[PDB]
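Bear in mind these aren't lab numbers, they're just calculated from the coordinates by the rules spelled out. All Cβ positions, even for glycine, are placed from backbone atoms using ideal geometry, and neighbour counts span all protein chains on display.
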Amino acid sequence: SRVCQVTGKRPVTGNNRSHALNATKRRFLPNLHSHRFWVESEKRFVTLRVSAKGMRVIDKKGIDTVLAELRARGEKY
Amino acid sequence: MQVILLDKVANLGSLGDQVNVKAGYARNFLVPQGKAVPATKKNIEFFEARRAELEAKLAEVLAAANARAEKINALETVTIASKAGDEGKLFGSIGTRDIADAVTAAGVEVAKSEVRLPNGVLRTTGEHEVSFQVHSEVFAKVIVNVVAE
Amino acid sequence: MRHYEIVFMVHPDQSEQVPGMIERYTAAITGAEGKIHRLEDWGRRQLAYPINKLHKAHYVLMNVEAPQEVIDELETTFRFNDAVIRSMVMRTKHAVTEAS
Amino acid sequence: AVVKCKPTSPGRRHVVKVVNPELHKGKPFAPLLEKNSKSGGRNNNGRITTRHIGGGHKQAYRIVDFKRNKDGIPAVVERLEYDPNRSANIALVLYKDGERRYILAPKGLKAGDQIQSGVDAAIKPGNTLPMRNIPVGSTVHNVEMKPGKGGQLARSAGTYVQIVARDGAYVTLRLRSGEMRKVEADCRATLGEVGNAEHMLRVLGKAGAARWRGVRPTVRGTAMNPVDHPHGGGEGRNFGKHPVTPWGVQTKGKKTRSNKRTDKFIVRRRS
RNA sequence: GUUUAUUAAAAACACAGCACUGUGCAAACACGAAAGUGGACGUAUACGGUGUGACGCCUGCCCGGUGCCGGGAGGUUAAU
Ligand SMILES: [Mg+2]
Ligand SMILES: [Mg+2]
Ligand SMILES: [Mg+2]
Ligand SMILES: [Mg+2]
Ligand SMILES: [Mg+2]
Ligand SMILES: [Mg+2]
Ligand SMILES: [Mg+2]
Ligand SMILES: [Mg+2]
Ligand SMILES: [Mg+2]
Ligand SMILES: [Mg+2]
Ligand SMILES: [Mg+2]
Ligand SMILES: [Mg+2]
Ligand SMILES: [Mg+2]
Ligand SMILES: [Mg+2]
Ligand code: NA
């Protein structure tokens, strides 16, 4: 799925309001990217499907902290 | 990123600077190597207090055996014998991997990415001047001769 | 086995390779009992017009008596060789070893 | 040769055949064949994705050595053979180590010819070698677009690519479409034009010829109803519309290349 | 040869042939939220789309309108 691994951003739905207010169901999709993060504590690259906000969260916290959340929740990589 | 540096970076570091780099730069080049770390609070404590001076001596041990050029005049002229044709113009190149595995002593002693070339790879059976960089500050001018096989 | 006459210029940086060129070709000619008569390596001459952004080629004249398949393989070597510039084979039907 | 059939019946009157008397009149080489089941044009989902395909004759897939990555070892062209998958004929060759392989047959390739591949090979037609050892201006075929890839340009019958320029790591190639493409000079290319250069002279005579080649009939868009095709409708041969594909996109001139990642290679495009 | 199974078998559809056009390969194009698949285990003498419809003699003038292609100077022009 187009689900981020850190933030958990799955796709959501909304309307595509036109200038005449015609609502047609559309999807907002996360800015997902498969990025390869270096783990110095493991000395290896771990690939994740993270959004850009997921990347910013990993960069604010540590990659070890985010991987800890993944592992505690039940994620794989 | 506010990143504290652990090495003299060519244009933006002084081995202890807390400089503001671009997040993608710090993410894909520095932190994946040992060149920098995030300078928020805890790594600032660790570097600037604990081992700001111990890492200096570790980097000096690393700069040793590197400042050991000792192979730009190893003996001299590591000469490679490849299957070349007449009129020079050796068909296939003698790669940097072949250069390294012929120049160290007998191959498995060094890596591949120390070899620099102002000519590309190889186009002639003759005399060529290859450079090395075992450290970022290394004036290595190894000399290579080509032999037909 | 007819009498040819071959004037070929070569790049003025493989001028160091003109010996090996000459002995290689004359050996190939002698292998089929072809007889070399003149072997005047003219040295580095200055061209009258620039051939491939390059003046001052290196000339070699050689008068041989060899069969057609020999001379044709020789022409192919001249073609597929990158240093040989403006080869010219010619018939002469005689033995000309005088000068020039 | 190009043989025109005698008009002893309609559907035989207009035929023109290409009889290649050098093709093997027997079963092909067995270990280099594998089954090739027809598709009908239908994709993974069972739906017709490309139309006008179906039926035709059974045909086994001949494993052709497109890569030609057996360097140094010479080979003798044992046999010329008809390939039902290509427009060109294939050539079973035997290497001096005892291995038989199908190759594409260049123009000057008869039985017993001595070919090879590798960086030191000669420049005889049929000899594969990377497009650095090949002189510029020469006529090559079975060109690779990536080193070790396998060869994808000029492998139809009578087709060839020409080496126009050579700039360091890359080579410019005039392709069979007039487009000049840059491919890296480590890519291999077999020398000479591809054989069966008169293949384009057959004229198939009748409808069943295309039918057993595997080409189902093509209904003109106008011969349909407005629900079926953008063209259609009209009380008797009415068009009044701009010509388009059955899915609305303009045809009869509308550039539909959008790659933007291989444009760095196309020096100049088709005429 | 095909067609309105069940009031229309035709001059309609198809056809070989012709032409224009797209497509340089991870091809265009199609099915698919995507992966992927067909094209094609093919490679411009190939493939898709379109019109015409063996063959013979030919296919004349018009680019003003609509379309497509190329240009990019200048006018106008979104988010920011
Ligand atoms: Mg079709
Ligand atoms: Mg048709
Ligand atoms: Mg039709
Ligand atoms: Mg109708
Ligand atoms: Mg419609
Ligand atoms: Mg009616
Ligand atoms: Mg009418
Ligand atoms: Mg009826
Ligand atoms: Mg019926
Ligand atoms: Mg009836
Ligand atoms: Mg019609
Ligand atoms: Mg007209
Ligand atoms: Mg106009
Ligand atoms: Mg326009
Ligand atoms: Na117009």
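Dipole size in debye (nearest 20) for the protein assembly as shown around its Cα centre, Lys and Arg Cβ +1, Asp and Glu Cβ -1?
On the way: 101 positive and 60 negative charges, 1151 e Å.
With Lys and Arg at +1 and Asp and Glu at -1, about 5540 debye.
Explain nothing, just compute: Karplus ³J(HN,Hα) = 6.51 cos²θ - 1.76 cosθ + 1.60, θ = phi - 60°, for every residue of region D:235-240 in order, whole Hz, x for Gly and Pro.
So the Karplus estimates, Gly and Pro as x, are 6, x, 6, 10, 10, x Hz.
Give the percent of DSSP beta bridges with both residues in chain D that are antiparallel, rounded to the nearest 5. Please list the in-between numbers first.
On the way: 41 of 43 bridges.
DSSP beta bridges in chain D are roughly 95 percent antiparallel.
So which residue, out of D:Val244, D:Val15, D:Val136, gets the largest mean-square fluctuation from a GNM of chain D using Cα contacts under 10 Å as springs?
Of the options given, D:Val244 has the highest mean-square fluctuation.
Given R₀ = 56 Å, FRET efficiency for B:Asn119-D:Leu204 by Cβ-Cβ distance, to 0.05?
0.50
Using mean Cβ contacts within 10 Å as the protection proxy, how do C:46-59, D:220-233 order, highest first? Don't skip to the end; give the middle numbers.
Numbers: C:46-59: 12.4, D:220-233: 14.3.
Result, highest mean first: D:220-233, C:46-59.
Limiting things to C-alpha atoms, what are the Rg and the maximum Cα-Cα separation (Dmax) for region D:117-194, in angstroms?
10.7, 31
Taking chain D as a Gaussian network, Cα atoms linked when under 10 Å apart, which of D:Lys107, D:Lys149, D:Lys27 shows the biggest mean-square fluctuation?
For chain D, modelled as a Gaussian network with Cα springs under 10 Å, the answer is D:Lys27.
For the modelled label position 7 Å from the Cα of B:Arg51 along Cα-to-Cβ, which residues of region A:29-51 have backbone nitrogen atoms closer than 17 Å?
Residues A:39-44 fall inside that zone.
Starting from the Cα gyration tensor of chain B, take the square roots of the eigenvalues, sort them a ≥ b ≥ c, and report rounded, prolate or oblate (rounded when a/c is under 1.5, otherwise prolate if a/b is larger than b/c, else oblate). All intermediate terms of the calculation are to be shown ahead of the outcome.
Numbers: a/c = 3.72, a/b = 2.44, b/c = 1.52.
Taking the square roots of the gyration eigenvalues as a ≥ b ≥ c, chain B is prolate.
Find, among the chymotrypsin sites (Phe, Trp or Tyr not before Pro) in region D:166-271, those assigned to loop by DSSP (not H, G, I, E, B) with at most 13 other beta-carbon atoms within 10 angstrom.
Details: sites: D:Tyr170, D:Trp212, D:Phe239, D:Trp247, D:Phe265; in loops: D:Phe239, D:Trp247, D:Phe265.
Loop-located and lightly packed - D:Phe239, D:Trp247.
Just counting partner chain Cβ atoms within 10 Å, what average do the residues of peptide B:88-95 show around their Cβ?
Mean shielding count: 4.
Can you give me the C-alpha center-to-center distance between region B:74-149 and region D:40-58, rounded to a whole angstrom?
55
For region D:1-113, what mean projected area does the convex hull of the alpha carbons give, in nm²? Numbers along the way, then the final one.
On the way: hull surface 40.4 nm².
Directional mean of the projected Cα hull area for region D:1-113 stands at 10.1 nm².
If I build a Gaussian network model for chain D, linking alpha-carbon pairs within less than 10 angstrom, which residue out of D:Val18, D:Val143, D:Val194 has the largest mean-square fluctuation?
Among D:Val18, D:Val143, D:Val194, the largest GNM mean-square fluctuation belongs to D:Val18.
For the protein assembly as shown, build the charge dipole from Cβ charges (+1 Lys, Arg; -1 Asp, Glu) around the Cα centre, then report which of D:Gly150, C:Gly20, C:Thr76 sits farthest towards its positive end.
Result: D:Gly150.
What is the distance in Å between the Cα centres of region B:1-58 and region A:55-77?
Here the two parts' Cα centres lie 22 Å apart.
Which of rounded, prolate or oblate describes chain D when judged by the alpha-carbon gyration tensor and an a/c cut-off of 1.5?
It is oblate, given that a/c is not under 1.5 and a/b is not larger than b/c.
Which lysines, on any chain, are close to B:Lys57 with Cα under 17 Å apart, when same-chain ones fewer than 8 places away are left out?
Of all the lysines, those that pass the test against B:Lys57 - Cα under 17 Å, at least 8 places apart if same chain - are B:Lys8, B:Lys35.
Along region D:262-271, what does the Karplus equation 6.51 cos²θ - 1.76 cosθ + 1.60 (θ = phi - 60°) give for ³J(HN,Hα), rounded to whole Hz, x for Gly and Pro?
Working through the residues one at a time gives 10, 5, 5, 9, 7, 4, 7, 9, 3, 4 Hz.
Can you find, among B:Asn119, B:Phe139, B:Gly13, the residue sitting farthest towards the positive end of the charge dipole of region B:8-146, where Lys and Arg contribute +1 and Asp and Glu -1 at Cβ?
B:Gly13
Can you pull out the GluC sites (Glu not before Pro) in region C:28-83 whose DSSP state is coil and whose Cβ has at most 16 other Cβ atoms within 10 Å?
C:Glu33
Can you list the trypsin sites (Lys or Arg not before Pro) in region D:1-103 that are in a DSSP coil and have 13 or fewer other beta carbons within 10 angstrom?
D:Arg12, D:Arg13, D:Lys25, D:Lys35, D:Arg47, D:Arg51, D:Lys58, D:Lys96
Could you work out the pair-distance distribution P(r) of the protein assembly as shown from its alpha-carbon pairs, with 10 angstrom bin width and percents rounded to whole numbers?
3, 10, 14, 18, 18, 16, 13, 7, 3, 0, 0
Reported to two decimal places, what Rg/Rh ratio describes region D:195-271 when computed on Cα atoms with Rh from the Kirkwood expression?
1.11
Return A:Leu29, B:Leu122 ranked ascending by Cβ neighbour count within 10 Å, so the fewest neighbours appear first.
A:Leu29, B:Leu122
Could you tell me how many cubic angstrom of Cα convex hull volume chain C has per residue?
In chain C, the Cα hull volume divided by residue count equals 90 Å³.
State which entries of B:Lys89/C:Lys56; D:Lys27/D:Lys110; C:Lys53/D:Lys146; D:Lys182/D:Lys255; B:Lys83/D:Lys124 exceed 25 angstrom in Cα-Cα distance in the structure shown.
Violating the 25 Å Cα-Cα cut-off are C:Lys53/D:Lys146.
Debye sum, Cα scatterers, region D:55-149, no solvent: what log₁₀ I/I(0) at q = 0.24 1/Å?
Scattering profile of region D:55-149, log10 relative to I(0): -1.37.
If you look at just the Cα atoms of region D:1-44, how large are its Rg and its Dmax in Å?
My reading of the Cα-based Rg and Dmax gives 17.1, 45 Å.
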